[PDB]
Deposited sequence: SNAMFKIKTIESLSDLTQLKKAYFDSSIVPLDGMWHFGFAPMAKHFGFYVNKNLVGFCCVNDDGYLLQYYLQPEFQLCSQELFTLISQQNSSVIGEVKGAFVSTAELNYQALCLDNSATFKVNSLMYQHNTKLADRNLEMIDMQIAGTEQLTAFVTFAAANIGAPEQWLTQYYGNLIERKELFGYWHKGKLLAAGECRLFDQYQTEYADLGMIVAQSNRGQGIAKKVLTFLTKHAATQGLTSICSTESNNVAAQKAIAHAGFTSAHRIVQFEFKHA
């Protein structure tokens, strides 16, 4: 039986177990930004909560997890949900899952019609990295407006949102700037996980549109990678499948990618 989950505090043990089973650390924006906003549902076997999933506003699953002993029942359940058969979850179009979420992926594969790759998940290898070095500085409170103006002009995110997002990163000391003669040439993020994945750092960059192709992005990832290493964290990052320039920089910053976020549609 399936119920809407009132309080996400009921899922504590099962979430930890879900993340533990991942082959690699999962993408922070997907699983710590979007997933928590999504509607959750608990799977209850005889009044004990033994699983959950969550479905976004567009009608896409983002997570699914049943306690490891319910194989044949797991298959039937997933097929039910994926085939619109739950009065209580309703119309589910599809799923987003990575190649690091084996069980969830497996069931997606069995019950989906088509797919596309959403993004690449990378991890850092020390051996894969004499590149020229830059210095970046920790963003201070007073620099907030300059970072917001920068990000807005270069990725088009909304200012009000960026003000809060970067406000928070500045408090966490996770935002960095590459400055040249008074202007920002890049913003870098070295983001820590508050839970489950506390031994990793998730990296992001924006390079000024006026200075693409100068190899800035790769120097930024190198810097952020070292800043992560000095805190004892291993670096990961991700990017969209059609973002060729990001993929280039990342690979030249010594990252490799054996993982993908895929978007499946149900039959």
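- Residues 1-5, 135-136, 275-276 of the deposited sequence, counted from 1, carry no C-alpha coordinates in the model.
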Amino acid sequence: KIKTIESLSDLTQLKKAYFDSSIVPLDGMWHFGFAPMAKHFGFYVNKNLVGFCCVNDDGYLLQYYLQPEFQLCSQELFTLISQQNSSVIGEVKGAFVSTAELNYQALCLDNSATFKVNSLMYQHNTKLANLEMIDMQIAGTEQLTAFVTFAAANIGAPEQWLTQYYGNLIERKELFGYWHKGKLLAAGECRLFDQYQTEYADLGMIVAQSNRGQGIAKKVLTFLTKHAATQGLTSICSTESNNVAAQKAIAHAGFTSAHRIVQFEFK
From here on, numbers count along this sequence of modelled residues.
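- Of the two segments examined, 78-86 and 162-170, it is 78-86 that shows the higher average Cα temperature factor in the deposited entry.
- Two stretches are in play, 88-96 and 134-142, and the higher mean C-alpha B-factor belongs to 88-96.
- In the deposited coordinates, the residue among 176, 196, 179, 147 with the greatest CA B-factor is 196.
- The residue among 73, 117, 184, 107 whose C-alpha atom has the highest B-factor in the PDB entry is 73.
- In the PDB entry, a CA B factor belonging to the highest third of its chain's modelled residues is recorded for residue 209.
- Sort the modelled residues of the chain by CA B factor and residue 128 lands in the highest third.
- Residue-level temperature factors show residue 41 in the lowest third of its chain, judged at the C-alpha atom.
- Among the modelled residues of its chain, residue 219 has a C-alpha B-factor that falls in the lowest third according to the deposited record.
- For residue 258, the recorded CA B-factor ranks within the lowest third of the chain. Only modelled residues enter the ranking.
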